[PDB]
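Student: Supplied in structure tokens, the structure appears directly below.
Counting neighbours? That spans all protein chains shown, and the Cβs are built from the backbone with ideal geometry, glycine included. Laboratory data are not the source of any read-out in this text; all were calculated from the coordinates shown.
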């Protein structure tokens, strides 16, 4: 833990291949907050066409919660099929 920070990996499923991943992957990043750090995202293909919307973030221990990020990322019901959690621990 650098300085009172943590790592939380999120995983969201796109409605379909139509779901502009570039936007989903971007929007996710675009999202900004106080003490909110955006790390590198990951991809996980289920079988071409569609892919997983996995991304990593670095919150401040318990300062920046996923609640917001979720309400922001999953705020798009026209892209996010169903958000979930990949884990919850420090960075």
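Student: Return the residues of segment 60-79 that are in a helix (DSSP H, G or I) and under 14 Å from residue 24 (Cα atoms); say none if nothing qualifies.
Tutor: Selection gives 69, 70, 71, 72, 73.
Student: Please go through segment 10-25 and give me each residue that is part of a helix (DSSP H, G or I) and either within 10 Å of the chain's Cα centre (by Cα) or in contact (Cβ under 8 Å) with a residue 60 or more places away in the chain (or both), ordered by number.
Tutor: 24, 25, listed by residue number.
Student: Now a separate question. Any residue in segment 33-58 that's touching a residue at least 24 places away in the same chain (Cβ under 8 Å) and on the phi > 0 side of the Ramachandran plot: show its pairings with residues that are assigned to a strand (DSSP E or B) and crowded, with 16+ Cβ neighbours inside 10 Å at Cβ separation under 6 Å, as long as the two are six or more apart or on different chains.
Tutor: If the second residue must be assigned to a strand (DSSP E or B) and crowded, with 16+ Cβ neighbours inside 10 Å, no pairs are left.
Student: Next question, about the same structure. Give the residues of segment 1-41 that are farther than 14 Å from residue 74 by Cα and in contact with a helix residue (DSSP H, G or I) (Cβ under 8 Å, 6 or more places away or on another chain), sorted by residue number.
Tutor: The answer is 8, 33, 36, 38, 41.
Student: A further question on this structure: Tell me, which residue of segment 43-85 that is in contact with a strand residue (DSSP E or B) (Cβ under 6 Å, 6 or more places away or on another chain) and loosely packed, with under 14 Cβ neighbours inside 10 Å is farthest from residue 13 (Cα to Cα)?
Tutor: 61
Student: On the basis of being closer than 18 Å to residue 1 by Cα and in contact (Cβ under 8 Å) with a residue 12 or more places away in the chain, does residue 64 make the cut?
Tutor: So residue 64 fits the description; yes.
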